[PDB]
Each structure stands twice: as structure tokens, then as C-alpha cells.
Amino acid sequence: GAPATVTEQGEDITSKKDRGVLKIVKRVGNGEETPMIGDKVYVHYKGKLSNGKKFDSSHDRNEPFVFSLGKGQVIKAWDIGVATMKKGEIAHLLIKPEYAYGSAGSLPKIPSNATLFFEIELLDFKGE
Ligand SMILES: COc1cc([C@@H](C(=O)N2CCCC[C@H]2C(=O)OCc2cnn(C)c2)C2CCCCC2)cc(OC)c1OC
């Protein structure tokens with residue numbers, strides 16, 4: 001399914017080239033502009049453990065998920081990944097534990113050493 005496709009075909013968008021954050025563009029966005037650190041960003045997303053034991057959606061409250069980019073308000077893989085996206089874009093990310101919740105995890109919700117998968121739609125981004 002979606003996670004395996006990203007494993008075998010996804011682009012490694014880490015600085016370190018450690019395959020910690022892999023990305024496939026599923027729908028192309030508008031213009032050339034991607035968000036800057038500190039930009040207010042607006043998304044819709046679905047996410048899951050790659051196990052599939054826990055699943056999560058902004059769609060399951062009909063209201064976009066909003067955060068300031070590059071401030072570590074979200075896991076590192078999102079600050080990396082959403083920074084590569086254009087307004088209108090839909091992307092898939094597959095994320096190793098080092099760029100998500102690590103060896104500590106986030107119990108009881110996220111186990112130790114969990115791999116995560118997200119589908120993300122970048123709706124909009126606005127300056128600080
Ligand atoms: C551990 O707590 C939670 C985790 C999650 C889900 C998750 O991992 N994310 C949610 C969207 C942004 C990326 C990432 C994250 O940075 O989340 C921490 C967080 C949430 N709100 N803010 C501002 C930052 C998980 C959920 C299980 C399936 C895999 C993704 C969502 C949470 O609540 C909606 C959450 O509780 C706070």
C-alpha cells in the first residue's frame with residue numbers, strides 16, 4: 001500500500017541522507033513558493049502507525065491543523081516535510097522513529113521506535 005510505495009520510491013528529503021523522512025508528491029500544488037520557517041501553515045492530514053494500530057485525522061474534526069513552521073511545534077519530520085510543499089500540494093511521508101517520537105515513544109499513544117506514515121494536504125501558509 002501507500003507506505004511500501006514510499007519505502008521503495010520515495011525521495012529522501014533529509015539533510016543527512018539517512019532515509020529518515022521519505023516523500024512522494026501525490027498531487028502537485030500551485031506556484032513556486034514553499035513555506036519559510038516561522039510561517040503560519042494550514043493543513044489537512046491523515047496519519048497512522050505503520051503497524052496500523054492507531055489512526056488519526058484532522059478530517060475527524062472538519063477543521064484544518066494549524067502550526068508555525070520550523071519551531072518544533074510538530075515532530076521534526078513535519079518541519080522538514082511541510083517546508084518542501086507548495087500551496088495545494090498533497091504528499092505522502094514515511095518517517096523513521098528518529099524524526100518522530102524516537103526510542104522514548106509517546107506512550108500510551110505511540111510505542112517506542114515507531115515508524116509513522118502521513119498523507120498531508122498543504123492548504124495555505126501566511127507570513128508571521
Ligand atoms: C503524540 O501526540 C499526538 C500525536 C498525533 C499524531 C502525530 O504524531 N502528529 C499529528 C499532526 C502533526 C504531526 C504529529 C505531531 O507532531 O503530533 C504532536 C502534536 C499534536 N498537535 N501538535 C500541535 C503537535 C499521531 C497520532 C497517532 C497516529 C500517528 C500520528 C496526534 C495527536 O493529537 C491529535 C497527538 O496528541 C496531542
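Order of listing sets the numbers, starting from 1, for every ligand and every atom in it. Atoms considered below: every heavy atom in the structure, side chains included; atoms not considered: hydrogens, waters and symmetry mates. One-based numbering along the sequence shown.
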*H44 vs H59 aromatic rings, parallel, tilted or perpendicular, using cut-offs 30° and 60°?*
parallel
*Kindly indicate whether the side chain of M85, heavy atoms from C-beta on, has any atom under 4.5 Å from the side chain of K23.*
yes
*Is any side-chain heavy atom of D56 less than 4.5 Å from a side-chain heavy atom of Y45?*
yes
_Sub-4.0 Å heavy-atom contact, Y101 with ligand 1_ = yes
_So if I count the atoms of ligand 1 from 1 in the order they appear, which ones are less than 4.0 Å from some heavy atom of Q73?_
22 (N), 23 (C), 24 (C)
*Decide, yes or no, whether a salt bridge links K26 with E89 under the criterion of side-chain N to carboxylate O below 4.0 Å.*
no
_Per-residue contact class, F67 against ligand 1 - non-hydrogen pairs under 4.0 Å_ = neither
*Please determine if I75 has a nitrogen or oxygen closer than 3.5 Å to a nitrogen or oxygen of ligand 1.*
yes
_Min N/O separation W78 to ligand 1 under 3.5 Å_ = no
*Could you tell me which atoms of ligand 1, counted from 1 in the order shown, lie closer than 4.0 angstrom to a heavy atom of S106?*
1 (C)
*Less than 6.0 Å separating the ring centroids of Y99 and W78?*
no
